[PDB]
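J.: So that we are looking at the same thing, I have put the structure below in structure tokens.
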Amino acid sequence: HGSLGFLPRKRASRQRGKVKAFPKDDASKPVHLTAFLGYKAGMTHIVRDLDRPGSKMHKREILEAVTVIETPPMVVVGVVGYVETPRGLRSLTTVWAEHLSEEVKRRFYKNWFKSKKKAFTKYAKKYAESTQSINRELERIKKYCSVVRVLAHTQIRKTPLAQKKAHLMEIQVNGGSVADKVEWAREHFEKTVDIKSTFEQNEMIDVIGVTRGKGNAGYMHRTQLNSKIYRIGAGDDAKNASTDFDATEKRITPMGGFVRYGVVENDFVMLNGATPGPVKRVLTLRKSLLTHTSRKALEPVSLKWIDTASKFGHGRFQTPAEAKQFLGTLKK
Amino acid sequence: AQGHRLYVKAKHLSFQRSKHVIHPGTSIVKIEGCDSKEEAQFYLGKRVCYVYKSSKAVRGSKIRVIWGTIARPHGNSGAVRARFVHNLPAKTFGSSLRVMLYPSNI
Amino acid sequence: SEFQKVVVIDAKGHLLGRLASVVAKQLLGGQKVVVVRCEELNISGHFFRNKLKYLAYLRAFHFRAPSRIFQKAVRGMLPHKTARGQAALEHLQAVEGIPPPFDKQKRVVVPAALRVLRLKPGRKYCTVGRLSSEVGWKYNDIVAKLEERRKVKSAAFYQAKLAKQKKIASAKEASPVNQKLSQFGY
RNA sequence: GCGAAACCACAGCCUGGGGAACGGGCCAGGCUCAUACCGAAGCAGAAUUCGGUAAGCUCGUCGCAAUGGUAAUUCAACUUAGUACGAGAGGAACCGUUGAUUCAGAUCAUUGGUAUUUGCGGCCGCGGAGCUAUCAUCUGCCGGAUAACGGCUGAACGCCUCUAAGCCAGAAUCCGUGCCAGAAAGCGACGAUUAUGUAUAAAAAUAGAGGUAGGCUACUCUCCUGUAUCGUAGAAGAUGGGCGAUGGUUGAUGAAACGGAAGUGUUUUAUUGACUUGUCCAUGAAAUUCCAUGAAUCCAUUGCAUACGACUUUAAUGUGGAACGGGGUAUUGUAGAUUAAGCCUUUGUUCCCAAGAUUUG
RNA sequence: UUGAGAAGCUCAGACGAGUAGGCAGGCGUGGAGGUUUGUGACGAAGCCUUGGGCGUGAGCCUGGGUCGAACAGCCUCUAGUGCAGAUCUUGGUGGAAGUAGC
RNA sequence: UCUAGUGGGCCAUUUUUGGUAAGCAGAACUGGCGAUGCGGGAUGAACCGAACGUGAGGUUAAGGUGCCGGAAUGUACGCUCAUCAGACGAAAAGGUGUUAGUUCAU
């Protein structure tokens with residue numbers, strides 16, 4: 001409790017991470033996304049040569065105890081227009097999607113089954129019946145706006161979680177003009193967004209999230225800083241855990257699933273440190289507010305070997321396939 | 001449009017008071033449009049009234065009137081002293097008043 | 001003299017104490033007072049002098065908005081401990097800039113509070129909005145941006161009104177009735 | 001379930017001043033060792049010292065941020081450069097690296113244990129998961145304003161002159177900033193949903209501005225407030241005849257445009273409806289015969305949680321969930337059992353349920 | 001002109017803090033003598049009342065309700081005669097408290 | 001002639017003698033409060049006015065007239081810029097601090 005800033009330490013109400021401060025944008029910057037909702041797939045120590053001129057580990061093999069985040073693609077079904085006012089930053093209007101997925105419709109509700117599935121139905125009528133009204137809303141946004149964000153939601157069904165309400169949160173469309181921001185939002189409407197496009201594996205990411213409660217330590221929304229990305233592995237990619245050095249094919253998921261999380265079947269990212277919250281918890285990955293110019297972010301990442309052993313218990317083999325031939329024929 | 005308004009608009013400011021003692025018997029009335037004590041001499045003796053409304057109706061009318069008469073000027077800024085048939089309530093500070101043109105000497 | 005049910009006051013170039021005293025007296029008169037452009041209020045004295053005056057106040061809630069600075073001065077000149085002074089405060093609306101509802105309404109000024117008519121020439125004075133910029137207010141830049149936008153639209157309306165006014169002014173002397181019986185001073 | 005007694009003028013936020021206490025009643029208000037920075041000093045440089053500055057150490061869904069706390073925090077070495085300085089040696093600013101911390105932020109992957117898998121093999125030998133760690137692995141700020149401090153330029157003092165005008169440089173400080181909350185009595189967007197004329201919009205200087213007009217250079221006029229301008233006549237405004245406008249005043253709907261900020265109102269009208277005191281007439285209004293006028297919650301589920309609720313999904317006929325039957329799984333351990341319990345997972349099975357009530361205009 | 005409760009009526013002027021203390025006149029209570037050819041089961045006394053009135057006041061008169069057997073004004077006599085206090089006396093009853101607890 | 005109560009002081013004024021770190025102390029002189037409310041003095045028992053039946057009207061005292069607050073954001077001159085004014089002892093002085101300047105030198 002030394003840090004007076006956190007005192008009085010009280011648990012964050014919203015489990016989902018909140019992007020309180022988006023990075024500054026400019027017209028020259030292309031329209032793109034900063035914050036990406038994700039889940040704590042797990043964490044695993046992986047070896048990597050440390051390429052840093054002037055460092056004492058310069059071109060030296062060092063094991064990197066790091067963390068892997070489950071990041072399913074990002075479907076966007078809404079846009080918000082924020083207009084700057086003397087009182088503050090006010091939302092001019094919200095334009096959701098003509099067709100909303102079941103998951104995002106579950107978010108608006110507390111339960112899906114008891115209700116008569118009436119979430120945004122009459123809206124879906126006026127959107128389809130009168131597209132010109134939506135055009136006026138977009139026209140109103142373009143003429144009067146400085147900040148434009150999108151109401152993108154997660155696909156829970158792709159994730160191995162009992163969660164069914166799609167986690168939704170505004171993401172600024174940084175770059176370009178407001179009209180250009182709206183044009184990109186309108187064309188990417190009702191479309192998924194992959195985190196691999198958002199982060200180039202070398203860009204600077206400050207992960208924000210809510211930590212794990214303890215029997216007011218825990219459920220604290222805390223913004224981690226200086227956690228560089230090393231690999232955005234795809235779910236369909238069977239070579240994500242097998243880099244150039246370790247060409248032996250393997251999946252980031254340890255055999256028998258991650259510890260207290262499950263298996264990973266979607267896009268995942270790679271970063272060091274520890275993220276606030278245990279496995280299978282909602283996390284937000286956003287671009288850094290400040291352009292961190294330290295050589296830790298500047299240095300290229302050439303990961304040497306991913307580990308996938310049975311972290312639960314004591315795993316002596318990272319993948320079953322090699323252990324089949326390495327160890328003798330089983331009695332079965 | 002154009003109403004009737006055969007009176008002059010006025011406001012109830014306060015009672016004839018010292019720093020800590022009030023005298024509700026005399027009320028200080030600001031006849032708006034009058035700016036000096038010499039100008040206030042025209043309105044001396046005129047009939048001033050406080051028109052208000054009550055939810056209960058009497059004889060089919062919900063409007064009640066307290067009548068008064070302007071007595072003398074108060075200060076150099078044209079405020080006058082008025083005595084009403086019933087002392088004006090303390091809650092009518094800042095409330096509007098009507099100063100008639102009668103009795104007339106013009 | 002004559003009053004109005006609601007009054008919109010332009011606080012550009014008005015001294016803080018002088019305007020607040022007149023406004024507080026008008027509020028106790030039952031009038032409804034709306035003060036716009038609260039960030040252009042002027043206070044006599046060097047900007048160093050008022051910075052330390054506000055800094056001493058910083059050392060309750062320390063409001064930073066210029067509108068809430070003006071409301072504080074008005075609040076101190078009212079019997080806020082009683083109901084009469086409580087109702088007076090609710091009849092005042094102090095805002096920065098000119099919001100749309102009061103944009104198209106006449107804005108009067110108080111000569112008893114104007115800085116030009118009350119301050120000795122060459123005296124140093126500080127602007128409340130400028131002073132509040134380095135105490136915590138962070139909307140001065142945007143408030144100015146809307147102000148120029150409003151001025152351009154307001155100027156365009158004035159040109160339209162002036163051009164329209166030229167038509168009646170030209171036709172005013174066209175009618176012989178004006179010259180025929182102008183003996184009444186009209 | 002049975003059940004006291006002490007005590008009891010009345011009360012119950014502070015801050016000051018109130019002389020005698022006065023706060024509980026009254027009156028006015030709220031509710032500088034080091035280091036960072038430089039300056040001076042022979043201070044050769046290193047080593048530094050001193051000087052200050054400096055207290056850092058309805059139900060929701062999704063957002064904005066008024067207000068606070070507070071971005072880090074304490075210091076180093078190598079590189080820099082093994083050199084500017086310096087006879088040389090020792091050792092420069094700045095750069096990167098290695099860091100040592102504190103505190104905070106995390107997580108149990110690495111890490112060691114604790115460990116109700118108290119699981120297992122022989123009370124022991126230990127222990128997976130989970131959690132924890134200066135017991136582990138780790139991550140951790142900003143740009144200006146300026147202080148001291150020294151300036152440049154420039155008056156008074158035709159110059160000079162950190163300064164009186166101005167322009168500055170320069171701080172671990174301050175403010176911003178970032179983070180942490182979020183005004184229970186802040187706000188926005190979005191979804192579903194049982195009186196007396198209440199008459200007037202430039203901006204701008206004022207120590208000069210605007211209009212007006214010519215082709216920013218030359219013009220002119222006005223200001224000197226609104227005691228202005230618009231509007232105003234009728235049994236509050238009648239009935240007709242008109243003439244004259246054949247216009248004006250508007251109501252009604254049918255409308256398109258503009259107005260983000262808090263646009264919620266400005267116009268443009270299209271047609272129709274009437275009114276018209278614009279100039280006139282003919283009747284009429286009085287004896288009141290002097291003022292009174294469908295969702296959500298609970299619920300079950302749920303652990304992701306832990307004073308208590310809260311918290312957290314799921315959950316109201318289908319990836320339906322909840323349970324097991326398990327598999328996987330590692331553990332201990334000599335292969336076996338537990339086999340997720342905060343290990344994963346199930347083309348397996350059955351159960352219940354197209355809920356049960358409450359709340360809600 | 002009737003205005004002689006001569007203890008009445010009437011005219012005029014001045015004046016108005018007040019502790020200790022001094023003085024005067026009044027209000028109320030129990031009982032006694034006299035009186036009101038007094039009041040009362042067609043309702044005495046008592047009590048209740050945001051009913052009304054009188055007096056500077058102590059107090060007094062009265063309406064309504066309740067009630068059920070006695071009671072009052074005037075002159076005089078008399079005294080166990082007037083309460084907010086005495087860590088007063090007796091009785092009733094509260095907050096603390098459904099607390100401490102058993 | 002006889003007959004109740006008082007038979008403390010505080011503060012203030014003046015006078016005072018010595019004092020003596022300096023303050024102060026000591027007496028005496030005189031009234032006010034002590035028996036006394038009222039307007040002002042932010043407030044307050046010693047300060048400024050004023051001493052009291054119940055009221056209507058008028059006019060003032062002391063003090064006030066930007067707002068709280070009744071009453072001129074009155075007039076006519078000036079002084080003051082503070083980056084701690086002012087408003088109601090380190091205090092002596094210093095000031096490339098002024099304002100008015102005077103006087104004397106040229």
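In the structure tokens, the first chain shown is A, the next is B, and so on; residue numbers restart at 1 for each chain, and ligands run from 1 in the order shown.
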Wanna dump the chain D-chain A contacts at 7 Å for me, each residue with its shortest atom pair and the distance in Å to one decimal, counting only C-alpha atoms (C1' of nucleotides), ordered by chain and number, as a tab-separated table?
T.:
residue	atom	partner	partner_atom	distance
D:61	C1'	A:108	CA	4.7
D:62	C1'	A:169	CA	6.9
D:64	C1'	A:89	CA	5.3
D:69	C1'	A:5	CA	4.9
D:70	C1'	A:5	CA	3.6
D:96	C1'	A:54	CA	6.3
D:97	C1'	A:55	CA	5.0
D:98	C1'	A:56	CA	6.9
D:103	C1'	A:2	CA	5.5
D:104	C1'	A:3	CA	5.6
D:106	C1'	A:274	CA	5.3
D:107	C1'	A:274	CA	4.9
D:109	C1'	A:44	CA	3.9
D:110	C1'	A:65	CA	6.0
D:128	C1'	A:313	CA	5.5
D:137	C1'	A:65	CA	7.0
D:138	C1'	A:273	CA	5.5
D:139	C1'	A:273	CA	6.0
D:140	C1'	A:225	CA	6.7
D:180	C1'	A:6	CA	4.6
D:188	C1'	A:90	CA	5.6
D:189	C1'	A:93	CA	5.2
D:190	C1'	A:94	CA	6.1
D:191	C1'	A:120	CA	5.7
D:192	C1'	A:119	CA	6.2
D:260	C1'	A:144	CA	6.8
D:305	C1'	A:213	CA	6.8
D:306	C1'	A:215	CA	5.0
D:313	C1'	A:163	CA	6.1
D:314	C1'	A:162	CA	6.9
D:316	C1'	A:114	CA	4.5
D:328	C1'	A:256	CA	6.4
D:329	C1'	A:256	CA	7.0
D:330	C1'	A:313	CA	4.6
D:331	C1'	A:313	CA	6.7
D:342	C1'	A:260	CA	6.6
D:343	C1'	A:259	CA	5.5
D:344	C1'	A:257	CA	4.8
J.: Please return, as a PyMOL selection string, all residues of chain B lying within 12 Å of chain D when only C-alpha atoms (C1' of nucleotides) are considered.
T.: chain B and resi 1-9+33+47+49+51-52+59-67+96+98+100+102-103
J.: Restricting the output to C-alpha atoms, write the selected residues as an mmCIF file, in the first residue's frame.
T.:
data_model
loop_
_atom_site.group_PDB
_atom_site.id
_atom_site.type_symbol
_atom_site.label_atom_id
_atom_site.label_comp_id
_atom_site.auth_asym_id
_atom_site.auth_seq_id
_atom_site.Cartn_x
_atom_site.Cartn_y
_atom_site.Cartn_z
ATOM 1 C CA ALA B 1 -49.980 41.273 -29.077
ATOM 2 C CA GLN B 2 -50.776 44.193 -26.759
ATOM 3 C CA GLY B 3 -52.493 43.692 -23.416
ATOM 4 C CA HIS B 4 -54.125 46.310 -21.236
ATOM 5 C CA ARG B 5 -51.517 47.033 -18.518
ATOM 6 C CA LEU B 6 -52.908 50.249 -17.099
ATOM 7 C CA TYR B 7 -50.368 49.868 -14.262
ATOM 8 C CA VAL B 8 -46.602 50.019 -13.726
ATOM 9 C CA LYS B 9 -44.460 46.983 -12.975
ATOM 10 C CA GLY B 33 -38.562 52.905 -14.486
ATOM 11 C CA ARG B 47 -52.447 52.261 -5.158
ATOM 12 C CA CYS B 49 -51.276 45.683 -5.210
ATOM 13 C CA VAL B 51 -51.658 39.807 -7.279
ATOM 14 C CA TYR B 52 -51.151 36.101 -6.598
ATOM 15 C CA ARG B 59 -66.456 32.718 -5.956
ATOM 16 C CA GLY B 60 -65.075 30.916 -8.996
ATOM 17 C CA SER B 61 -61.868 32.981 -8.948
ATOM 18 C CA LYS B 62 -58.389 31.728 -8.042
ATOM 19 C CA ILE B 63 -56.794 35.210 -7.937
ATOM 20 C CA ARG B 64 -56.301 37.051 -4.640
ATOM 21 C CA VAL B 65 -55.140 40.649 -4.234
ATOM 22 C CA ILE B 66 -53.547 42.555 -1.349
ATOM 23 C CA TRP B 67 -54.000 46.308 -1.744
ATOM 24 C CA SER B 96 -43.661 41.443 -8.805
ATOM 25 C CA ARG B 98 -48.567 46.435 -9.821
ATOM 26 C CA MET B 100 -51.795 51.791 -10.503
ATOM 27 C CA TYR B 102 -54.898 56.172 -9.528
ATOM 28 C CA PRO B 103 -55.399 58.330 -7.521
#
J.: List every residue of range 123-330 of chain A that DSSP, applied to the backbone, labels as strand (DSSP E or B), and write the result as a PyMOL selection string.
T.: chain A and resi 147-154+168-174+191-193+205-210+221-223+229+233+268-272+282-287+303-305
J.: Please identify every residue of chain C that has at least one atom no more than 8 Å from any atom of chain D, counting only C-alpha atoms (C1' of nucleotides), and report them as a PyMOL selection string.
T.: chain C and resi 5+60-61+99-101+103-107+116+121+134-135+151+154-155+157-159
J.: Determine which residues of chain C DSSP labels as alpha helix (DSSP H) from the backbone of this structure, then write them out as a ChimeraX atom specification.
T.: /C:16-27,47-58,66-76,83-89,100-103,128-132,140-174,176-180
J.: Would you mind telling me which residue in C:168, C:58, C:27, C:177 lies nearest to residue 7 in chain C when using only C-alpha atoms?
T.: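 Closest residue, counting only C-alpha atoms: C:27.
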J.: Please compute the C1' of residue 60 in chain D-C1' of residue 361 in chain D distance, one decimal, in Å.
T.: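 Separating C1' of residue 60 in chain D from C1' of residue 361 in chain D is a distance of 15.9 Å.
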